[PDB]
Amino acid sequence: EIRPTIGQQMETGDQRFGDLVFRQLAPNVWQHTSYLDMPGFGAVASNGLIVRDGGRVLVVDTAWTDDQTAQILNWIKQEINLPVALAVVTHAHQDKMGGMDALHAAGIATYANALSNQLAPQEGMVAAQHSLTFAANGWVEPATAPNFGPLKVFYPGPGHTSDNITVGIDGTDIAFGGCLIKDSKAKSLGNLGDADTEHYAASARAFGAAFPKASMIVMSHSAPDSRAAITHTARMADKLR
Ligand SMILES: CC1(C)S[C@H]([C@H](NC(=O)[C@H](N)c2ccccc2)C(=O)O)N[C@H]1C(=O)O
Ligand SMILES: [O-]
Ligand SMILES: [Zn+2]
Ligand SMILES: [Zn+2]
């Protein structure tokens, strides 16, 4: 099996499919995990979500690469056998947006923060085809997120990057923090190279306040955790100021 250098390991409840791992989180929600092999370091796991909404599927984040993202679509075809309506990607870095071309080739409508689309070319990424915009309190402008079903998109403020967004899954107790949120036992906040160290703590807390009843917090590089992931992330971020 795949034993990443960074990221959660495989546990009971995980399905290996090609080069990826899938884990059911709820009747209608699965976590996708893909792995970047770094020469001399090993594999770095990155997680996103797959959500069934009636007769259609919604995706949060690509895999690291186009081929891995095509494998996600193949898993969906095999295990769910319903079309992917749209994908939302949570900022312009390779773990979240590296597979855009595979989504586009498949005819899937793609959405990202307008700022992520603006940064994408600068980051070696392909922009999403549609831009999300946000209110002053972080909630997505509904006209920019048409037919999103249970996906509730929230921009918490600058943190891991200035463009990072988060997604709650309405009708569940799950919320997705992407790379903004690290697990409750993490020793670091990960890559702070593009981070806003002044605002990170407030942004992490704003994510918590946006989804105050989410009990399962999903994130990019660890297994789903309790709300202690949010509070621990914010406490680490307090030390940056
Ligand atoms: C896992 C990370 C340390 S790397 C990843 C991201 N970096 C990339 O996607 C880079 N393309 C990359 C370069 C070299 C090795 C691994 C990733 C970032 O800068 O936020 N997210 C970071 C994070 O979530 O803290
Ligand atoms: O990232
Ligand atoms: Zn990032
Ligand atoms: Zn990351």
Side-chain angles (χ1 to χ4, degrees), residues 2-9 20-21 31-49 60-66 68-69 88-100 112-128 138 154-167 175-208 217-225 228-241:
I2 307 148
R3 303 178 187 282
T5 300
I6 286 182
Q8 76 285 345
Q9 308 297 299
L20 279 78
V21 167
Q31 185 180 257
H32 66 80
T33 304
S34 61
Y35 303 93
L36 183 74
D37 301 309
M38 291 174 37
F41 182 88
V44 183
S46 185
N47 305 322
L49 292 173
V60 181
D61 290 337
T62 74
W64 297 94
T65 72
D66 290 322
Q68 291 165 2
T69 303
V88 57
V89 298
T90 62
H91 67 279
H93 279 164
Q94 186 189 13
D95 45 351
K96 312 286 81 191
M97 282 186 82
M100 298 301 283
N113 185 351
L115 179 58
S116 303
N117 292 333
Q118 190 166 6
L119 290 174
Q122 307 175 60
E123 291 294 323
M125 301 295 120
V126 174
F154 181 72
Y155 171 68
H160 167 74
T161 57
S162 60
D163 64 320
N164 53 204
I165 61 170
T166 67
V167 187
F176 182 73
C179 304
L180 177 70
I181 301 302
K182 266 64 182 194
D183 69 82
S184 60
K185 310 306 179 281
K187 295 166 65 164
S188 98
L189 289 164
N191 196 353
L192 292 173
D194 284 350
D196 181 335
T197 57
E198 170 58 20
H199 300 121
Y200 202 133
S203 299
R205 292 191 174 96
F207 167 70
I217 306 306
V218 182
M219 68 210 84
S220 292
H221 308 294
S222 300
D225 204 359
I230 302 168
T231 63
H232 179 67
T233 293
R235 286 166 51 81
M236 288 195 288
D238 287 334
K239 299 174 176 188
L240 306 174
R241 307 184 62 235

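We count residues from 1, following the sequence as given.
Nearest heavy-atom pair, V126 versus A120, reported as atom, atom and distance to 0.1 Å: C-CB, 4.1 Å. Scanning both residues, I230 and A204, for their nearest heavy atoms gives CG2-O, 3.5 Å.
The main-chain N or O of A112 is never found under 3.5 Å from a side-chain atom of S116 such that the two would form a donor-acceptor pair. Here the side chain of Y200 pairs a donor or acceptor atom with the backbone of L180 at under 3.5 angstrom. Side chain of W64 to main chain of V44: a donor-acceptor pair is present (N/O by atom type, distance under 3.5 Å, no hydrogens or angles). For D61 (side chain) and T90 (main-chain N/O), a donor-acceptor pair under 3.5 Å exists by modelled atom type. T69 contributes a side-chain N or O that, together with a main-chain N or O of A63, makes up a donor-acceptor pair within less than 3.5 Å. In this structure, the side chain of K182 engages the main chain of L189 through a donor-acceptor pair within 3.5 Å. Looking at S220, its side chain never comes within 3.5 Å of a backbone N or O of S46 through a donor-acceptor pair. Side chain of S162 to main chain of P158: no donor-acceptor pair is present (N/O by atom type, distance under 3.5 Å, no hydrogens or angles). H199 places no side-chain N or O within 3.5 Å of a backbone atom of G157 that could act as its donor or acceptor partner. Panel note: side chain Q9, backbone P4; a donor-acceptor pair is recorded below 3.5 Å.
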Inset, instruction - Please test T62 against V89 for side chain to side chain contact (heavy atoms under 4.5 Å, CB included), starting from the C-alpha separation and ending with a verdict. - result: CA-CA 7 Å; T62 74; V89 298; 4.0 Å; yes
Legend entry - Worked verdict on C179 versus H221 for side chain to side chain contact (heavy atoms under 4.5 Å, CB included): CA-CA 7 Å; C179 304; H221 308 294; 3.6 Å; yes
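The side chain to side chain contact (heavy atoms under 4.5 Å, CB included) search around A202 returns none, not counting sequence neighbours. With sequence neighbours excluded, no residue satisfies ring-ring contact (aromatic ring centres under 6.0 Å, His included) with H32.
Screening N47, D225, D183 for a side chain to side chain donor-acceptor pair (under 3.5 Å) involving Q8 leaves a single residue, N47.
Between the side chains of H91 and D194, no donor-acceptor pair of N or O atoms lies under 3.5 Å.
Look at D238 and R205 and you find a salt bridge, because one of the NZ, NE, NH1 or NH2 atoms lies within 4.0 Å of a carboxylate O, short of that distance.
Environment of CD in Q118: sparse, with no more than 12 heavy atoms of neighbouring residues, nucleotides or ligands closer than 6.0 Å.
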